[PDB]
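To keep things clear, I will list the structure first and then write my remarks on it.
2 protein chains.
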Amino acid sequence: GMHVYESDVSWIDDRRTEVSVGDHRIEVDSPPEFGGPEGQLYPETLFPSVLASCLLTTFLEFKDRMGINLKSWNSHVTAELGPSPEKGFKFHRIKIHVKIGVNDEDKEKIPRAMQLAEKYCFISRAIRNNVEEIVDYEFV
Amino acid sequence: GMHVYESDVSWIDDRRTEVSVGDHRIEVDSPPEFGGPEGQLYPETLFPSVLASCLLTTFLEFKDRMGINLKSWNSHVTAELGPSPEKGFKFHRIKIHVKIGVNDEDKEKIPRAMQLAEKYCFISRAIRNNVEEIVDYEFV
Ligand SMILES: CC(C)(COP(=O)(O)OP(=O)(O)OC[C@H]1O[C@@H](n2cnc3c(N)ncnc32)[C@H](O)[C@@H]1OP(=O)(O)O)[C@@H](O)C(=O)NCCC(=O)NCCS
């Protein structure tokens, strides 16, 4: 009864990969700090961004469920990659700072909604205890 | 260590989000099972794909380190989402099957290169204990 999601990932050349998902094709490379090219998508930016997308889509469920009139949501993502005590690297922290536009009458529901969103977010769950995840917000 | 990676993610409408990294724009939405449109990227496909891209870029660092001559690399990724004992859902398993082309003389080095790639992959590290990760390969 699992829902199964499939994709393909190949080596182009050098430090360059191609992600294929349905009819979409994305170049995802090593970043400059590890010898890759400048100006491309990297796992280092794409993974935290997908985290922040999943957080937002989980929030949207709770937003509908709780009758919140959401006007806008913009989030800035800051991911820190650093040394692991197991050698090599790991994500130390991923910070997601959200600017939320809602009706004033809905503001009181937001702490709960945000906590729920992060709790039930599939990617948040995936990285629990291994990466510090700091989600905060301000009303605009 | 410490390197900072930044992105932005906004709500478009409905269950749709836009990822911005530099000048790159990517639509990432809930899947149809969770109220998103057909034919778009979803966190359920993108996140497993970025995991596989990270496995590959880590392997590429080790193959150069070890003098392995890599001819080709193709991988198929299957992600299975299901109910969580914590309520809601979680990724249960992500499988990555790699078809690797190498010089015959390099094949004896591949078990260790793959071990190292999986061990040091930072997205693999990020999901340790929370999602089952199954990586295997065949030569082509
Ligand atoms: C929403 C969802 C978590 C509900 O889970 P469930 O297994 O039915 O469990 P529950 O009904 O207990 O709800 C989970 C929590 O949400 C709370 N909740 C649900 N609806 C609520 C509402 N209308 N108002 C306030 N709280 C609500 C519950 O009280 C519960 O709280 P708790 O964690 O503190 O115990 C689940 O259906 C889901 O994950 N759906 C996918 C959401 C989605 O679209 N995500 C994006 C995918 S890309």
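If you read the sequences in order, they're chains C and E. Note that the first sequence covers residues 3 to 142 in this note's numbering. Note that the second sequence covers residues 3 to 142 in this note's numbering. Note that beta-carbon positions come from the ideal geometry of N, C-alpha and C, so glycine has one too.
Under three-state DSSP, which class holds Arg67(C)?
-> In the first sequence, residue 67(C) corresponds to position 65, counting from 1. Reduced to three states, the DSSP call for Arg67(C) is helix.
With a 10 Å radius around its C-beta and 16 neighbouring C-beta atoms as the bar for buried, classify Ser74(E) as buried or exposed.
-> Here residue 74(E) refers to the residue found at position 72 of the second sequence. By the 10 Å Cβ count, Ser74(E) comes out exposed.
Test: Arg127(E) CB closer than 8 Å to a CB of chain C | Position 125 of the second sequence, counting from 1, holds the residue named residue 127(E). Cβ-Cβ to chain C under 8 Å: yes for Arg127(E).
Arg17(C): first and last residue of the uninterrupted beta strand (DSSP E) it sits in | On the first sequence, position 15 is the one that residue 17(C) refers to. Element bounds for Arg17(C): n/a, residue is neither H nor E.
What residues from chain E crowd round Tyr122(C), counting only those whose CB sits closer than 7 Å?
-> For the purposes of this step, residue 122(C) is taken as residue 120 along the first sequence, with counting starting at 1. Near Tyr122(C) (Cβ distances below 7 Å), the residues of chain E are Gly90.
Taking Cβ positions, are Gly38(C) and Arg17(C) nearer each other than 8 Å?
-> One-based indexing of the first sequence puts residue 38(C) at position 36. One-based indexing of the first sequence puts residue 17(C) at position 15. Against a cut-off of 8 Å, the Cβ pair of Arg17(C) and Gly38(C) comes out as a contact.
Can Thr47(E) be considered in contact with ligand 1, in the sense that its beta carbon sits closer than 7 Å to one or more heavy atoms?
-> Locating residue 47(E) in the second sequence gives position 45, counting from the first residue. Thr47(E) Cβ: outside cutoff for every heavy atom of ligand 1.
On a CA-only basis, which of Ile28(E), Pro85(E) and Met68(E) is nearest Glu107(E)? Give me that one, please.
-> Looking up residue 107(E) in the second sequence gives position 105. If we check each option's Cα against that of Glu107(E), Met68(E) comes out closest.
With DSSP collapsed to three states, give me the class of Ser86(C).
-> Residue mapping note: residue 86(C) aligns to position 84 of the first sequence, counting from 1. Here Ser86(C) sits in coil by DSSP.
Taking 7 Å as the line, does the beta carbon of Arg18(C) fall inside it for any heavy atom of ligand 2?
-> Among the ligands present in this structure, namely ligand 1, ligand 2 is not found.
Excluding sequence positions up to five away, which residues of its chain have a Cβ less than 6 Å from the Cβ of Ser9(C)?
-> Working through the first sequence from its first residue, we reach residue 9(C) at position 7. Once the five neighbours on either side are set aside, the close Cβ partners of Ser9(C) are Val23.
Give a yes or no on whether 8 Å exceeds the smallest Cβ distance from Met4(E) to chain C.
-> In the second sequence, the residue the question calls residue 4(E) occupies position 2. Yes, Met4(E) lies at the interface with chain C (some Cβ there is under 8 Å from its Cβ).
What residues in its chain sit with their C-beta under 6 Å from that of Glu82(E), if we drop five residues either side in the sequence?
-> For the purposes of this step, residue 82(E) is taken as residue 80 along the second sequence, with counting starting at 1. Hits under 6 Å: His94 and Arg95.
Between residue 145(E) and the rest of its own chain, which residues show a CB-CB distance below 6 Å, the 5 nearest in sequence each way excluded?
-> Given that chain E is displayed from residue 3 to residue 142, the structure contains no residue 145(E) and the question cannot be resolved.
Are the C-beta atoms of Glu82(E) and some chain C residue less than 8 Å apart?
-> Position 80 of the second sequence holds residue 82(E). Judged by the 8 Å Cβ criterion, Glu82(E) is in contact with chain C.
Could you check what DSSP says for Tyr7(E) in three-state terms: helix, strand or coil?
-> The count along the second sequence starts at 1 and reaches residue 7(E) at position 5. In the structure shown, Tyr7(E) sits in a strand (DSSP, three-state: E or B).
Flag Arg130(E) as yes if its beta-carbon sits less than 8 Å from any beta-carbon of chain C, otherwise no.
-> Along the second sequence, one-based indexing puts residue 130(E) at 128. Chain C, which has a Cβ nearer than 8 Å to the Cβ of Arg130(E), makes this yes.
Keeping to the same chain, check which residues put their C-beta closer than 6 Å to that of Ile14(E); ignore five residues upstream and five downstream.
-> The sequence position of residue 14(E) within the second sequence is 12, counting from 1. Correct list, in chain order: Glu20.
Would you say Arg130(C) touches ligand 1, meaning its beta carbon is less than 7 Å from a heavy atom?
-> Position 128 of the first sequence, counted from the first residue, corresponds to residue 130(C). Answer for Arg130(C): no, Cβ out of range of ligand 1.
Confirm, please, whether the CB-CB distance from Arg127(C) to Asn132(E) is below 8 Å.
-> Residue 132(E) sits at position 130 when you count from the first residue of the second sequence. Residue 127(C) sits at position 125 when you count from the first residue of the first sequence. Yes, the pair counts as a contact, with Cβ atoms nearer than the cut-off.
From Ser51(E) to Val142(C), what does the alpha carbon distance come to, in whole angstroms?
-> Taking the first residue of the second sequence as 1, we reach residue 51(E) at position 49. Taking the first residue of the first sequence as 1, we reach residue 142(C) at position 140. If I take the Cα positions, the gap works out to 34 Å.
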